[PDB]
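A single chain, nothing else alongside it, follows as structure tokens in the form solved without Ceftriaxone (9F2).
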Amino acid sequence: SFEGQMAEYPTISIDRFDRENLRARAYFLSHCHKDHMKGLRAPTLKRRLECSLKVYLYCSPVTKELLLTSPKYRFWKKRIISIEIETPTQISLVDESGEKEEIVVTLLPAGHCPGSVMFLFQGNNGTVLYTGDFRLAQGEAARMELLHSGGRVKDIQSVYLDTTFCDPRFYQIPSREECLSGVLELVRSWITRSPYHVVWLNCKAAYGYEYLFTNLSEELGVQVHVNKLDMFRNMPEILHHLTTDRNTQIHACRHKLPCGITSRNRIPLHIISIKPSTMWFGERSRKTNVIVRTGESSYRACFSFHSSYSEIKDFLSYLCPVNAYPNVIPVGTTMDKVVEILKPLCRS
């Protein structure tokens, strides 16, 4: 499993900050999800930063902004360097001994959550790609010019990639746009009935639902109720679509409505729940409705943080690396199953 270190560049640590990663010459954070931040504010890391002054954390501008809105990560402020998207950037890896290694890093959009990137590393031990978590539609990788060298893909030694749905059963997942349209039309059909018709979006406590909130808000002229929006203080395109006020027809608040509003003018609110949920169809199956009704007032809506099996295979086929290493072992699969699934798309 992925524990922060790529074989080709062991002195850099990505999305893991404990154990062997405490000796990193440089840190990288692909996105602000708890599963990719293990040890990032551990006392032993703070201890290590105080004895190693030339050690920085690199991330996207949006990841820097989101991380530093948390008081518990503010200690990073002096040591965090943002890298502009698709802007190859020279980084020095200094042995705190005499050793000095130069690497070039390029951030590519991952389509996973605000600030989410893949890291392409170029150095004297080959080119490697760390995808972090990603959802890339067919053809998106082909359009990324900085993955190419003279009209073919770069020679990539190793890809460390998001294998969350790397199982043939998860063959196809409806597109970002198909999922959005389904939720938008369901919400529109409900809240246009009267001012007392309201929707609860039952979402996980994680970044990545903002594009759903912004679209619903833009299209229906309504602000989405959330527990907290201060992390978007300097992100106006997200911020103005959100509200902490309960008096709205679209709620994404978290533990009827979590925020406790049950009526307006003593008229009972007419509430439906919509739970963004991963849905998929098999290789030999047809796409069905992104909206699944689970009760008189309850719905599941297709939504994915991660690429389908067909999207993983298309991406890795295209990259054609020597090696592909799964970042994730799916619950009902084995690492041997995942490694062997991808082996035919690799040069070794």
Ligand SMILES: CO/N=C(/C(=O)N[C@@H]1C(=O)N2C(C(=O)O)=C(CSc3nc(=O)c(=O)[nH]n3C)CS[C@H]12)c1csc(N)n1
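Quick note: we count residues from 1 along the sequence shown, nothing fancier.
Heads up, the form deposited with Ceftriaxone (9F2) bound isn't pictured, but that's what we're talking about next.
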Which of 242-250, 117-125, 74-82, 163-171 lines the interface with Ceftriaxone (9F2) in the entry with it bound (heavy atom within 4.5 Å): 163-171
What is the one choice in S217, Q157, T106, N202 with a heavy atom within 4.5 Å of Ceftriaxone (9F2) in the entry with it bound? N202
Of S92, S277, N227, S181, which residue is found within 4.5 angstroms of Ceftriaxone (9F2) in the entry with it bound when only non-hydrogen atoms are counted? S277
Within 4.5 Å of Ceftriaxone (9F2) in the entry with it bound: all of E140, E177 and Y211, by heavy atom? no
Is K64 one of the residues lying within 4.5 Å of Ceftriaxone (9F2) in the entry with it bound, judged by heavy atom distances? no
Heavy atom to heavy atom, is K313 within 4.5 Å of Ceftriaxone (9F2) in the entry with it bound? no
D35: heavy atom within 4.5 Å of Ceftriaxone (9F2) in the entry with it bound? yes
Does anything in 127-152 come within 4.5 Å of Ceftriaxone (9F2) in the entry with it bound by heavy atoms, and if so which residues, in order? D133
